[PDB]
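Pasted below: data31.txt, compact mmCIF, C-alpha atoms.
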```txt
# COMPACT_ATOMS: atom_id res chain seq x y z
CA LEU U 407 54.96 -10.20 12.18
CA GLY U 408 57.05 -12.26 9.78
CA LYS U 409 55.21 -10.52 6.95
CA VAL U 410 56.03 -7.18 8.60
CA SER U 411 59.66 -7.94 9.52
CA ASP U 412 60.39 -9.15 5.99
CA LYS U 413 58.62 -6.05 4.71
CA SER U 414 60.87 -3.90 6.89
CA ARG U 415 64.02 -5.80 5.93
CA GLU U 416 63.74 -5.02 2.24
CA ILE U 417 62.98 -1.48 3.41
CA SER U 418 66.12 -1.88 5.53
CA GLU U 419 67.88 -2.95 2.34
CA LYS U 420 66.25 0.01 0.56
CA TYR U 421 67.93 2.38 3.02
CA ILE U 422 71.25 0.57 2.60
CA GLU U 423 71.19 1.54 -1.08
CA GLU U 424 70.16 5.01 0.09
CA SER U 425 73.16 5.06 2.44
CA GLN U 426 76.18 4.49 0.18
CA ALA U 427 74.83 6.67 -2.65
CA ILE U 428 75.35 9.59 -0.25
CA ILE U 429 78.70 8.20 0.95
CA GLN U 430 80.02 7.95 -2.62
CA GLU U 431 79.26 11.67 -2.97
CA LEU U 432 81.10 12.51 0.27
CA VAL U 433 84.39 10.90 -0.83
CA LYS U 434 84.37 13.04 -3.98
CA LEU U 435 83.48 16.29 -2.19
CA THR U 436 86.24 15.69 0.38
CA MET U 437 88.80 15.50 -2.43
CA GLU U 438 88.23 18.95 -3.98
CA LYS U 439 88.40 20.54 -0.53
CA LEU U 440 91.60 18.56 0.04
CA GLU U 441 92.76 19.69 -3.40
CA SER U 442 92.24 23.23 -2.12
CA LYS U 443 94.94 22.37 0.45
CA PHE U 444 97.34 20.55 -1.88
CA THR U 445 97.90 23.76 -3.85
CA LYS U 446 98.21 25.56 -0.50
CA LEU U 447 100.80 22.99 0.59
CA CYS U 448 102.65 23.14 -2.75
CA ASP U 449 103.16 26.88 -2.23
CA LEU U 450 105.17 26.14 0.92
CA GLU U 451 107.64 24.12 -1.18
CA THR U 452 108.90 27.39 -2.68
CA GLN U 453 108.24 29.97 0.05
CA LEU U 454 110.17 28.10 2.74
CA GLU U 455 112.98 27.34 0.29
CA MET U 456 113.25 31.07 -0.44
CA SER M 356 3.62 39.05 19.91
CA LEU M 357 3.41 37.33 23.27
CA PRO M 358 6.82 36.27 24.62
CA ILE M 359 7.79 32.60 24.61
CA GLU M 360 9.27 30.77 27.61
CA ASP M 361 13.06 30.53 27.86
CA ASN M 362 12.92 26.85 28.83
CA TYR M 363 10.98 26.28 25.59
CA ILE M 364 13.44 28.13 23.34
CA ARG M 365 16.24 26.09 24.94
CA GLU M 366 14.01 23.02 24.36
CA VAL M 367 13.34 23.45 20.63
CA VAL M 368 17.02 24.25 20.02
CA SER M 387 37.02 5.44 2.30
CA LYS M 388 40.00 5.79 4.64
CA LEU M 389 39.18 2.43 6.26
CA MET M 390 39.88 0.27 3.20
CA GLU M 391 43.11 2.10 2.33
CA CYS M 392 44.68 0.61 5.47
CA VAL M 393 42.81 -2.70 5.83
CA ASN M 394 43.79 -3.85 2.32
CA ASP M 395 47.39 -3.00 3.21
CA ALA M 396 47.16 -4.95 6.47
CA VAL M 397 46.11 -8.27 4.92
CA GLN M 398 49.11 -8.64 2.59
CA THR M 399 51.95 -7.90 5.01
```

Encoded form (structure tokens):
Amino acid sequence: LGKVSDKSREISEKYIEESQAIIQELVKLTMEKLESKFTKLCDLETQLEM
Amino acid sequence: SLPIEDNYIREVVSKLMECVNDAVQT
């Protein structure tokens, strides 16, 4: 059981490295979709001032 | 060509070691 728990814990550490490699993609992909709304928000700087 | 009795016709008629060797190490 100690040989199995320690086998699972490096597998648990293997999925931790699997975890943040997806999360570091999600921060990037959120930005371009947010950047789609910056240029939408920057239009309202001129349209409302008209 | 004589018929035969019906109760006579009814009368005539690696995967282990792949898991064990993995179970001894961990």

Chain U residues near chain M (12 Å cut-off, only C-alpha atoms) as a PyMOL selection string: chain U and resi 407-414

Pairwise distance for atom CA of residue U:447 and atom CA of residue U:431, rounded to one decimal in Å: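 Separation of atom CA of residue U:447 and atom CA of residue U:431: 24.6 Å.
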
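From atom CA of residue U:424 back to atom CA of residue U:439, the distance works out to 24.0 Å.
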
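Atom CA of residue U:437 is positioned 19.8 Å from atom CA of residue U:450.
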